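Coming up is one lone chain in C-alpha cells, specifically the form deposited in one PDB entry.
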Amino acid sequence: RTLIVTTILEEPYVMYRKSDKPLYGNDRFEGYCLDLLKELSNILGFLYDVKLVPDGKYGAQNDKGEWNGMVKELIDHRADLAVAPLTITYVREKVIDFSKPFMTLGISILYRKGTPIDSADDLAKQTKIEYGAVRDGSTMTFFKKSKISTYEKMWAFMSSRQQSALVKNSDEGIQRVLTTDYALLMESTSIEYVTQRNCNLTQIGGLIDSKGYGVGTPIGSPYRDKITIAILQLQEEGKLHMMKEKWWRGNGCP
C-alpha cells in the first residue's frame, strides 16, 4: 500500500535537498522527518507519497471552529499520515489521532547570550525587551489559554498593539531576536537547533511545559497504533536519538 503523507517545510525536519538539477517526488526532501518516515516504512512495510500541505499551515481553529493545515488534511481524509513537528495538544487530539511522541520538548525562550534575563517571569515583569511567539501556533495557544498569572501577563503583552510582538514563522522570529531587542517563545527542540548555529543566541530558563510531537492520522485510523509501536521500537533501540544528533549537531561554538 502507498500512504499519502502530508508535511510542511521546517528545518531540520523537512527541507529541500541540494542538487544540480530539478528534483521530483520524494527525492525533493530530506530531514529528520524523512529519516523517520523511512524507518517507519521499513518496520511496518508501506510505501509513501510525501505532499506539502497546500496552505502551508500546521493546524489551528478559526472563530467558527473550522480547522486548516495538516490537521484539516487529516480530518478530510486527504492524507493517511502527517509527519512533521506537529505538537500533540488537547485541541488537536479532539479532532485527529496522534501516535505516541517521537520527540519530547517544551516551550522555552530564545534570546541573546550575556543578558540579565533568566526566566519568563523576568520578561513578564518588564516592557522594554519585546517578546512573542509564532502567530496561531501551539506556543501562542498555550499563552492565550493559560490562567497562570505570569503567562496571563505575557499574553496581555503579546496580544497588545494588534499582536505586533508576534511573528508569522520561526525564521522571522529568529531574525527579530538577532537584530533587535526581542525574545522568542519557541519549542525547545527548535531552540537547540538554532543555538547550535547561532553562537550569540541561547535558551533562557528551562522548559515551561512538557509535550511531544507525534505522527497524526485521521480519527479511527489503524496505522495510529502500529506507528506507536514502531516509534517505541526506534526509541528503545537508540535510533531516534541517533537521528536527532545527525540533524541537530552544528559546526561548534567558538
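All residue numbers are counted from 1 along the displayed sequence.
Here 166-174 and 152-160 are compared by their mean Cα B-factor, and 152-160 comes out higher. Stretches compared: 143-151, 78-86. Higher mean C-alpha B-factor in the entry: 143-151. Ranking 103, 129, 96, 91 by Cα temperature factor from the entry places 129 first. Out of 211, 28, 57, 64, it is 64 whose C-alpha atom has the highest B-factor in the PDB entry.
Annotation for residue 190: CA B-factor lies in the middle third of the chain's modelled residues. Ranked by C-alpha B-factor against the other modelled residues of its chain, residue 72 falls in the lowest third. Sort the modelled residues of the chain by CA B factor and residue 11 lands in the lowest third. Among the modelled residues of its chain, residue 201 has a C-alpha B-factor that falls in the highest third, as given in the PDB entry. Ranked within its chain, residue 53 lands in the lowest third, by CA B factor from the PDB record.
There is another form of this protein, the form deposited in another entry, and it is not shown here; the text below is about that form.
If you assign each C-alpha to whichever superposition fits it better, residue 196 and residue 221 land in different rigid parts between the shown form and the other one.
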